[PDB]
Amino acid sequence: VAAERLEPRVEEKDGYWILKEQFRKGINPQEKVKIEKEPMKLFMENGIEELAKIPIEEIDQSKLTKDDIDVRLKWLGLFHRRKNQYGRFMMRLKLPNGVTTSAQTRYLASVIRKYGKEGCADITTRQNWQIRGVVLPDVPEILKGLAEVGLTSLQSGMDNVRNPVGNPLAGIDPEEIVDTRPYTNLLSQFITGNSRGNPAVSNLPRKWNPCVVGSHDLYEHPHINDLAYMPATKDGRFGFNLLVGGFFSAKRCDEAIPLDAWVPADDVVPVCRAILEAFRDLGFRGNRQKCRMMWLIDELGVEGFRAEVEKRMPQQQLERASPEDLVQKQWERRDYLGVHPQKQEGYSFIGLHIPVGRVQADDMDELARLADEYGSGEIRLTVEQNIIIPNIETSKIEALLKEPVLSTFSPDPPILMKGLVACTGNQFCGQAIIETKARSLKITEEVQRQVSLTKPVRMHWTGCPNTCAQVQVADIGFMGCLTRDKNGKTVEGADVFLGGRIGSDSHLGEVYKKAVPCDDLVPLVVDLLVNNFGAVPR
């Protein structure tokens, strides 16, 4: 690698970071959008106020403003559903560690309630909230309303640092390694500039996913994050070994690799900053399929990339990885659904199944009511698109289990539902090839009617090769495709994946059988469960 390759390609100009004039050749169209107008100005210079007043039909008549609503608004967490729900915006938060309050939940419910049939909300595979139905004229008021209740939607889409994932049992599990909340909180504060915007990390070549591990279970999926903090003691000091570059895409899925770096616990933010600066400064900005950070690591080599991180650390210090980390390889991932005692004597948490992560406003209000009546007004989201209500006095559990809403959001649903994960799909997502959420529920219900089993089989449904629902981690994964029935008619189908493992002994699954019509999946899956996962026909 020539020394010229290491020249930073972006520069700070008037509070924002822009590609240098000599590093603009051959850039992709998204890079051109970012140069044409700085997306962060919509928030930081209140550009949204005037934009929101322009009728959408008028907005669509010019490239600049159409790009504002279709692309730049993703820096404010707003996602125009142009193809499948025209004129409506999905809105996505920052929610470090998946932690929400009842007041925040009620606020979000109040926003979606306004939109009637166009509104609903979803828990995401980064333990985050998305709300739906938003119209552009309401955006300024919603941004103000979010801030009022202590929420931000900043930098949650496009070429930004995505939701910092942590241990859903942080602070409450007797078996936790380290409470991840302080760290994910710090990361989110750093990323968003304390909810004011942080332009230093908002012009990346591509999206970038961070997580902080605090569980032996590895609930945080460190193997598939761009930066994963693995708790590790080194030379008598608590800190983190760092894994880098994990990612999924249509073209390529790769597990994170060791940076060969350990940082003291207090250096979590400094090293996040150093890694992001190196990625921002040096990353490829051509073909979008080759812009994730792993591609830079491969170009420089991991040692070459490490040197770039090291030079950007305070005092240019970056220790080598600790020989061992604190995560115990002797471990079985634990079910968190149901009632579990906390480390605080006399308290329990309850994990509740949210079918395919989908809720309506009334459901949100009810969950918020439960968290207030039974817990501490806290609702935690999980990456399987479920919830945990922590901090419940154990003597209240008997009454809680009788609450009518628990018949819908159950502490003990059938085992296949416990592990079911599904992306948005074509109800709202323009890239989706198939409908996912309704279909996956229907198929799973039919499968479980036919077989019983005791193994916690994890089934993931994703609507297109972007694999937002992570089919490569599943015991059985389903990737949307179009295929053909016996008469040659177009039908929805799935490419079926097998081989995904999570926890310490992680492994990426691969296509097992292509082009299976969705209407033919039940017998295939029933047989796979009996033959490979110990299921028994009813």
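For every residue, the number given is its place in the sequence shown, counted from 1.
Participant: Read off the CA B-factors in the entry, average them over 466-474 and over 45-53, and name the higher stretch.
Facilitator: Comparing averages over the C-alpha atoms only gives 45-53.
Participant: Which is higher on mean Cα B factor in this entry, 16-24 or 520-528?
Facilitator: Looking at the recorded C-alpha B-factors, 16-24 comes out higher on average.
Participant: Out of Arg358, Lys74, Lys144, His223, which residue has the highest Cα temperature factor in the PDB record?
Facilitator: Top of the list by C-alpha B-factor: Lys144.
Participant: Just the C-alpha B-factor column, please: which of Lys437, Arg113, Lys329, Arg380 has the biggest number?
Facilitator: Result of the comparison over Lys437, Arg113, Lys329, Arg380: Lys329.
Participant: Hey, what third does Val302 fall into on Cα B-factor, ranked over its chain?
Facilitator: Highest third, going by the recorded CA B-factors of the chain.
Participant: Among the modelled residues of its chain, does the C-alpha B-factor of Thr444 lie in the lowest, middle or highest third?
Facilitator: Middle third of the chain for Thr444's C-alpha B-factor.
Participant: Lowest, middle or highest third: which one holds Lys311 when the chain's residues are ordered by CA B-factor from the entry?
Facilitator: For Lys311, whose C-alpha B-factor we compare with every modelled residue in the chain, the answer is the highest third.
Participant: So where's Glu324 on the chain's Cα temperature factor ranking, which third?
Facilitator: For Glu324, whose C-alpha B-factor we compare with every modelled residue in the chain, the answer is the highest third.
Participant: How does the C-alpha B factor of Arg196 compare with the rest of the chain: lowest, middle or highest third?
Facilitator: Highest third of the chain for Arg196's C-alpha B-factor.
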